[PDB]
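S.K.: Handing you this structure, nothing more for now.
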There are 4 protein chains.
Amino acid sequence: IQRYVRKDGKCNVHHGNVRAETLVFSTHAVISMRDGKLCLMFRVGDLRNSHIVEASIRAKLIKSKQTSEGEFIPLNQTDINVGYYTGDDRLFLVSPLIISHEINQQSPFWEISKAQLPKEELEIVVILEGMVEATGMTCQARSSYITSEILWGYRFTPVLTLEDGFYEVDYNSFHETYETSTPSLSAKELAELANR
Amino acid sequence: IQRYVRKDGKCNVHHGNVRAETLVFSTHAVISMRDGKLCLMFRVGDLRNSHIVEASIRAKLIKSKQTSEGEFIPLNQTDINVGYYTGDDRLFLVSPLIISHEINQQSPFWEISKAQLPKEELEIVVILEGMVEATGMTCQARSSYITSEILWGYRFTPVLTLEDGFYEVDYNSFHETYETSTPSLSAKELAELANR
Amino acid sequence: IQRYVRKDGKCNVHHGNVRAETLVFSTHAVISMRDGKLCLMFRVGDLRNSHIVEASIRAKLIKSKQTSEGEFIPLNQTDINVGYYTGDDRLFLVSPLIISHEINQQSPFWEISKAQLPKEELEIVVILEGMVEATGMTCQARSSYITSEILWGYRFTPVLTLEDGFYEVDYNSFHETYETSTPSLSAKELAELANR
Amino acid sequence: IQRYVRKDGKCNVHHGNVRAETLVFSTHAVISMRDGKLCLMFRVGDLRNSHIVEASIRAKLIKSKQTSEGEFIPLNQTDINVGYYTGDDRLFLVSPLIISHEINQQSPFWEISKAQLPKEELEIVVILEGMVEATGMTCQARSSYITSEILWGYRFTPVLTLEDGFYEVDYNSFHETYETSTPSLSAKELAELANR
Ligand SMILES: [Ba+2]
């Protein structure tokens, strides 16, 4: 068993690091099963040469909507749950992490099947906020996922490998995804079918 | 589909911006139905020439009250729910947003009918707190809505329009509202009637 | 109706203010009924010549305890609920406020009767944290209430008075309390009695 | 009764203090009963010569896992509950505190018996974040507990002693633990047995 963080708080990642360079999000986001729950996931990179303290991830769904009373809201925003309730949005960012939004009843994608996806007009804004340790100052990074950038039935490729008592990140594969068997029904549709 | 935020985190609003100038709240607040729920809503402007990180909205109700034991609290404060529970008060402020407080059982307006409104002695203090990205420092903006400034049965006019692959804001209409069909009963009264 | 906060965010308190001087907590804390609920309350002062942004109140109970397994914890700490769940601990501090902890089942005082109070060995640490607007920096103020400093069956005297379209604070009375009719049974005892 | 904190916010710990020196976590973590609940606990030290404001503790479980769909997550992170829900992770750090994670159904250790412990490949990362009062800046401290560093059926030795109206900390014993009678069944196993 090779430790991830040593007793003194120093992490064992990127052999010979120094703990502006910019933080990256994967180009695409994927949707696929994790433990019988359907999920939307995107990857968030670290900063090779500093920690980010009080680091947090959040996401907004941007989608123009019409209320049952006919009020039209251009580019309405609602929050996507990526760990707010359990503090799993309080990231320990010391290597690329896959953030996961479980597609449940209060999720906006609850009624969206695979066929249905490309028909929807929406954008997922991902927003990472923290305090760059070295800089002293509060930073923010953002990105965006549009309908055509969400890949149904895929998973993120692993990027973490242990080499010589240090964990190294194959950054080439950061953005890379592979296909996996994934039902094509909506989260709602799977739940109904599951319940009889 | 024209993106709101580009892959690199740069938003497509206010063609040719630079991302002290002061943040504005609409002059008035409106109350009206959104998806069968009665709502109080106010608009919060952005800062044309910077983002506001770790941006959050909150509101206090100021109203002198008397306890069932006869204790009089001048200008008592209680919190108005504008997304605290679901992180929808964690704003992504890159254009004017309508903030919405759904008038439910734990809301202070739950028992307030249209006729009843102008009789009540109360004030809604809205408070926006964030970290002006360019400035480095934590800012706070406030405003106030008194009974006579709350407009029952109205909605905010849309201000967002897509022009030339950039979203522009018709700031003339920022404060403007229009009337819409809205029952005159209290949220409580509508619920009771609804439940038989 | 004289506004508390004007449209531009400027409050109408302390006619002719400038918005180190130190923030004060009342010397004593009181326990008494508010709307059929028993409460512990302490007063927290403002800073006459600046706002405090992202202001929050919290309290710890310090009391040495012994676990059912015989482990002795000197000066154990547990959190006192003063609005954490509903964001009513996110203070809008622009004049002295009475903070209230409702003495319910999850409260530590739930089983403490009036007679019982002076027998208990405990301390309430109150801690106010914010960002002094003028200073730019994060501040913290603390105080302490010991058994003998908690006054059962009392209330805080009002200190807020409207004079000449500005709200003034009679700081002489900041610390002053008066007696009021208050049962002597514990919160638990009142609940049981209430439930038959 | 000797006060822990005086009326003016000054604490009565470390007679003759000044309120870089580094913050320490105990070398080991222990698991044992507190009030019929099984717990994992680690100790977190203070900074002798300053307070830490907006201080908070959090912990991540690092453990490589495989999803029921065969996706392998190297060094997956999930949050350990150390008071997030009740604000007991908002520390009042003015002397060494034992932080406690109660091993309940949503805890990752729920199914881990004593025998089972040394077989598991996992790491507990503890992360303390605050604002060093004197420094003005936001700090972060971290440490790590691996399987072999978790001591089953033990407790932390008390380190706090009252001497001459000041509380002193016997820092020699900071890391020291003693054994105590503790069942060897998992939290799950104890619950089942308990429920008949
Ligand atoms: Ba902060």
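We place every Cβ from the backbone using ideal geometry, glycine too, and count neighbours over all the protein chains shown. Read the figures in this text as sums done on the coordinates, not as results from a lab.
S.K.: What FRET efficiency do you get for D:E168 and D:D35 if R0 is 35 Å and r is their Cβ-Cβ distance, rounded to the nearest 0.05?
M.R.: Working from the Cβ atoms, E equals 0.80.
S.K.: Apply the Karplus parameterisation 6.51 cos²θ - 1.76 cosθ + 1.60, with θ equal to phi minus 60°, to every residue of the range D:170-179 and state each ³J(HN,Hα) to the nearest whole Hz, in sequence, with x for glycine and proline.
M.R.: Running phi through 6.51 cos²θ - 1.76 cosθ + 1.60 with θ = phi - 60° gives 6, 4, 4, 9, 2, 8, 7, 10, 10, 7 Hz.
S.K.: Something else: From the label point of D:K114, set 7 Å along Cα to the beta carbon, how far off in nm is each other copy's matching point, shortest first?
M.R.: Distances to the matching label points in the other copies: 5.1, 5.1, 7.1 nm.
S.K.: Using the Karplus curve 6.51 cos²θ - 1.76 cosθ + 1.60 with θ = phi - 60°, work out ³J(HN,Hα) for each residue of the range D:27-40 in order, rounded to whole Hz, and write x for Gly and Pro.
M.R.: 5, 10, 10, 10, 10, 5, 6, 10, 6, x, 10, 7, 9, 9
S.K.: A 26 angstrom limit on the alpha carbon distance is what I want to check against. Which of B:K65/C:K119; A:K63/B:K63; A:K60/B:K114; A:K63/B:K10 exceed it?
M.R.: Where the Cα-Cα span goes over 26 Å, the pairs concerned are B:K65/C:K119; A:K63/B:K63; A:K60/B:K114.
S.K.: Okay, moving on. Suppose every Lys and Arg Cβ carries +1 and every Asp and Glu Cβ carries -1, with no other charges. What dipole size does chain A come out with about its Cα centre, to the nearest 20 debye?
M.R.: The dipole magnitude comes to about 280 debye.
S.K.: Could you give, in nm with one decimal, how far D:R3 is from each other copy of that position, shortest first, with labels 7 Å out from Cα toward Cβ?
M.R.: Result, one decimal in nm: 4.2, 4.2, 6.0.
S.K.: Another question, if that's okay. For C:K7, list the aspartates and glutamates whose Cα falls under 16 Å from its own Cα; do not include residues on the same chain fewer than 8 positions away.
M.R.: B:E123, B:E149
S.K.: Could you give me the ³J(HN,Hα) list for the range D:94-100, computed from phi with Karplus coefficients 6.51, -1.76, 1.60 and θ = phi - 60°, whole Hz, x at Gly and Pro?
M.R.: 3J(HN,Hα) across the range D:94-100, in whole Hz: 9, 5, x, 10, 8, 8, 10.
S.K.: So the label point sits 7 Å from Cα along the Cα-to-Cβ vector; using that for C:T27, what distances do you get to the other copies, in nanometres, sorted shortest first?
M.R.: Relative to the other copies, C:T27 has label-point distances of 5.0, 5.0, 7.1 nm.
S.K.: With unit charges on the beta carbon (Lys/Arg positive, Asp/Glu negative), name the residue among D:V53, C:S100, D:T180 whose Cα is farthest towards the positive pole of the charge dipole of the protein assembly as shown.
M.R.: Of the listed residues, the answer is D:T180.
S.K.: Give the separation of the Cα centroids, the range D:33-89 to the range B:61-134, in Å.
M.R.: Answer, in whole Å: 34.
S.K.: Now, a different point. Placing unit charges on C-beta atoms (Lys and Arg positive, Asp and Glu negative, everything else neutral), compute the dipole magnitude of the range A:58-141 about its Cα centre in debye, rounded to 20.
M.R.: 140 debye
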